[PDB]
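Chain order of the listed sequences is A and A'. A prime marks a further copy of an entry chain. Each residue of the first sequence is one higher than the last, beginning at 252 in PDB author numbering. Each residue of the second sequence is one higher than the last, beginning at 43 in PDB author numbering. Ideal Cβ placement from N, Cα and C applies to all residues, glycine included. Following: one structure in structure tokens, then a few remarks.
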Amino acid sequence: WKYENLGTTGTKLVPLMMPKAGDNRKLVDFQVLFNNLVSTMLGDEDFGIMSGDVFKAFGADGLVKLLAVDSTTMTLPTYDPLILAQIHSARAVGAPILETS
Amino acid sequence: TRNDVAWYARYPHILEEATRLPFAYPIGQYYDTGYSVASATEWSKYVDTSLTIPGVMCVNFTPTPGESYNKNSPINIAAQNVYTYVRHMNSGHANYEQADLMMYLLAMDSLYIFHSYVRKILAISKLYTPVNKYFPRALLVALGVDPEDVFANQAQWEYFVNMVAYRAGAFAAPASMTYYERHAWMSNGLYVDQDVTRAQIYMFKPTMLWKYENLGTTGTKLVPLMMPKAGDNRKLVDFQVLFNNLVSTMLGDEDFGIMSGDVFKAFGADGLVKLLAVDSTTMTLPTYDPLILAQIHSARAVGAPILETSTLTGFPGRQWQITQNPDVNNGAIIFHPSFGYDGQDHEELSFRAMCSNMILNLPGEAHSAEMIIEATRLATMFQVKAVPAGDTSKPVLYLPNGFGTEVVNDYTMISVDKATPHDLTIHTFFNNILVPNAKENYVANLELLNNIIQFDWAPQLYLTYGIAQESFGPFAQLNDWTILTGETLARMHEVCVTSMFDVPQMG
């Protein structure tokens, strides 16, 4: 969901499609995807005010922590029956409808 | 089976008497070697008996907030971060936005660089060495001050610098924002190229500073205010009108007082930037700092700042401006200067030699990440050419691929003349030096080269010739070098602009 600020006529989270399997996308494609995702909220004043208000309301221990990655970071395959239970009863809804669709 | 005594130990007095030579010649002084043939005076300029050794290379810099094209810039994200830190520490409704606070926070940096500059002018003037005759007058000439005005009017100079520290110390700026600490580290300090007593000295002087220039409802525009160059014999009245032009819009102003008091409430009094006081006993000594030398060695000069009065034929509206406007780019702080200017509305053909990929050179073989990223700070690489307007353009401009918290405009070197009366000589140059086709400037360019290689970590030179139509590459000695492309330097620039403008944790 990409933010797409509109002003006095409100706010509209828009779809930003991710690359699908078989697309051989390089780092430049993920870079322009990240830059398209943050173009309206990176150095913006309203997002900073809302972020600082969330940072004052919930403490620094109460915030969502992003994991850092070095050259030794590995995720191992784990066994989780809750994941498997919701995959087993998953029903696919289809493709997202876009404005160009 | 008895080793007999050698000749040098059988006659040690002969060896010690033949080899008693007077070393440690004072620098700041012309030396004639004399003739070994002495019939060679018939060969007038074909015999060189002169020996001039330079002492000062001043790096002339412009303080920058980094490159900025939109609100996704690191200066705008830093503005957001510091504004939500300050606003969530101050009870009440603010009247300023995030961009007003960051423009205040850059104007405070230009004030602190001015204070460090005039305090450097003061603290240099008390330096004396018998074996270095460049102290203190060549350092004062390289900073653009008349040296006799500082000695004749010493108490007035001390009053002026103490009043600058009092009037700029009334404003608050965060101490744990390393931009101020780095700019103070550069502007306060003499740096030897080698840890010896007769060493060459590096300095840092601002080429220009940022003047606030409030505009009202149409935003905020930091404008250039040029500093005096080396060879200008500027007195205390000139530095006084420079200080008065720098503070005319923010000294007794209400908005700057409100922003200063909000920074003073957000960050404690221990968390503010402290300006150093100067008495009549204040002295700065030349120190050995390999990080300074590493970033001087990989410095690349970007050229002169473009001003509003500067005439450029095919480039209108390219003056250097940290701007802010709610009409343009959604109220983001905007700064993207073009490079390759020197005055003199024509193409400086030597900047084509700055279109290669740079060489980052270090000593030793083990390089930490901190040393590698500190050595790239004054490095700036061009990326594309700026597009002119009018199909008739005399200069050639370049857009960078990002830059650090300061760019290098120039280097100024101070040596002694080989002609009588052997006064100070002032040479200004970029990394790129054009050698046109005339008989005068070949030996002059060779003298500039031999002067530059006396400096241990001098910036790497690029030399082009007129008749050759050819540039020569990096004129420097390499030890452990790598080739930097513009993208690696852009990533290091973005990391270092983010690290300089970083605020602590609370909200």
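7 Å Cβ shell around residue i - same chain, five flanking residues per side excluded
i	result
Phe285/A'	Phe156, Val206
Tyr208/A'	none
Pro96/A'	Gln242, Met455, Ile456, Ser457, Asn493, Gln496
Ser322/A'	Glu200
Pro368/A'	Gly261
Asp151/A'	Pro105, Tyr221, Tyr222, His225
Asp387/A'	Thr353, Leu354, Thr355, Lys436, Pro437
8 Å CB neighbourhood of residue i in its chain, flanking five on each side removed
i	result
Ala80/A'	none
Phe202/A'	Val160, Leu278, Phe281, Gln282, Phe285
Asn287/A'	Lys253, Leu267
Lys263/A	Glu255, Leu257
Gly549/A'	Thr126, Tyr127, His130
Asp74/A'	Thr91, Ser92, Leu93
Inter-residue Cα distance where the pair is residue i and residue j
i	j	result
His55/A'	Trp49/A'	11 Å
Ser457/A'	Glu482/A'	19 Å
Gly186/A'	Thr106/A'	22 Å
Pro379/A'	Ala395/A'	20 Å
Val98/A'	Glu536/A'	31 Å
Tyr146/A'	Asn112/A'	19 Å
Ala180/A'	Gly310/A	56 Å
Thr324/A'	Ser167/A'	10 Å
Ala336/A	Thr329/A	14 Å
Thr351/A	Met400/A'	45 Å
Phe177/A'	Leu318/A'	22 Å
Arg276/A	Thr326/A	22 Å
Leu251/A'	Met228/A'	14 Å
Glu296/A	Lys307/A'	20 Å
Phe65/A'	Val238/A'	14 Å
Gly373/A'	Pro116/A'	15 Å
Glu190/A'	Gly231/A'	22 Å
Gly406/A'	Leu57/A'	37 Å
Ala217/A'	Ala197/A'	30 Å
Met292/A'	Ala510/A'	53 Å
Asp142/A'	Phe381/A'	27 Å
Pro358/A'	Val89/A'	51 Å
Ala411/A'	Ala51/A'	51 Å
Top-ranked residue by Cα proximity to residue i, from the options
i	options	result
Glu529/A'	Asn443/A', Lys481/A', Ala212/A', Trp523/A'	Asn443/A'
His339/A'	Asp235/A', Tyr330/A', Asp312/A'	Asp235/A'
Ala184/A'	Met269/A', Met542/A', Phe65/A'	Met269/A'
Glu512/A'	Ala480/A', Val539/A', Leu391/A'	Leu391/A'
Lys87/A'	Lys460/A', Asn521/A', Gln140/A'	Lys460/A'
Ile300/A'	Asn451/A', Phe517/A', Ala60/A', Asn132/A'	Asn132/A'
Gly345/A'	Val47/A', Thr94/A', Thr104/A'	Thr104/A'
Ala532/A'	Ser110/A', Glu223/A', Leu93/A', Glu139/A'	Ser110/A'
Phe445/A'	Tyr504/A', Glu84/A', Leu520/A', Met542/A'	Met542/A'
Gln363/A'	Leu441/A', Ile348/A', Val289/A'	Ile348/A'
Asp188/A'	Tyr504/A', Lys271/A', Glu58/A'	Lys271/A'
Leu491/A'	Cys397/A', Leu503/A', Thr540/A', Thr351/A'	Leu503/A'
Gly273/A'	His135/A', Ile468/A', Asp74/A'	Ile468/A'
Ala194/A'	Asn474/A', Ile415/A', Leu164/A'	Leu164/A'
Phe424/A'	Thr447/A', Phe393/A', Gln196/A'	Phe393/A'
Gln366/A'	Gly70/A', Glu139/A', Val315/A'	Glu139/A'
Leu505/A'	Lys427/A', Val265/A', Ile475/A', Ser78/A'	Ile475/A'
Close-in-space but distant-in-sequence residues of the same chain around residue i (CB under 6 Å, 5 per side omitted)
i	result
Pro478/A'	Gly508
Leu153/A'	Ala210
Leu333/A'	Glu416
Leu520/A'	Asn403
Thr470/A'	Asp452, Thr454
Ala341/A'	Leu420, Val450, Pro501
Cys100/A'	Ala184, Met245, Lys247, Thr454
residue 39/A'	One cannot answer for residue 39/A' here, as it falls past the ends of chain A', which runs 43 to 549.
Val124/A'	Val545
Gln361/A'	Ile348, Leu349, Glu350
Strand pairing of residue i, partner residues [DSSP]
i	result
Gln366/A'	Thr262/A'
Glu512/A'	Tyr507/A'
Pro328/A'	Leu232/A'
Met219/A'	According to DSSP, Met219/A' bridges with nothing at all.
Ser457/A'	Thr467/A'
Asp304/A	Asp304/A pairs with nothing; no bridge assigned.
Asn102/A'	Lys247/A', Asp452/A'
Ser92/A'	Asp74/A'
Chain C contact for residue i (CB, 8 Å cutoff)
i	result
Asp280/A	In the structure shown, chain C does not exist; the protein chains are A and A'.
request  = Report the residue ranges of all beta strand (DSSP E) runs contained in full by the region 261 to 299 of chain A'; include only those spanning at least 3 residues, in chain order.
outcome  = 261 to 268
ask   = Mind pulling the alpha helix (DSSP H) runs of 4 or more residues that sit fully within the region 108 to 175 of chain A'?
value = 116 to 129, 140 to 166
inquiry  = Just to confirm the assignment: which complete beta strand (DSSP E) runs, minimum length 3, are found wholly within the region 371 to 408 of chain A'?
reply    = 401 to 404
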